[PDB]
């Protein structure tokens, strides 16, 4: 049933919540359907630069991705550091586009911050270097501070 694979590049966290004394040990957990993926832990850093790829199998245009940040405590429970979700459908519908041969830098669809989504700023779906890309800044919900910067890429699966 597979449509393809979505690469979620988790770039970094910005000003993440402090869940130890003075810092945190954040890792990101991403869920979609029954799939559950996580980045590595970055030690003692509220602006962790993960630059890390998570790969999800996609069977559905109508699916939502959930992202949760936790602070790893080796010898105890891990505290919540906020969560956000986002839609992939706009990305997916832009893939089915007749896109090929547009100038690099070309902005194709734009998703706007709403009371209902987690975007800290409008999300540009861009056609660069022969690939369709979506960049996101997600404002974490349920926490006193924190943002996560991610980028979507698509992998065809023959």
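Positions refer to the first chain, counted from 1.
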Entry-level comparison of average CA B-factors, 131-139 and 145-153, reporting the higher stretch: 131-139
task: Going by the average Cα B-factor in the PDB entry, point out whether 49-57 or 106-114 comes out higher.
output: 106-114
message: Out of 66, 119, 99, 69, whose C-alpha atom has the biggest B factor in the entry?
response: 99
- request: Sort the modelled residues of this chain by their C-alpha B factor and say whether residue 124 lands in the lowest, middle or highest third.
  value: highest
- request: Relative to the other modelled residues of the same chain, rank the CA B-factor of residue 95 and answer lowest, middle or highest third.
  value: highest
- request: Select lowest, middle or highest to describe the third in which the CA B-factor of residue 39 falls within its chain in this entry.
  value: lowest
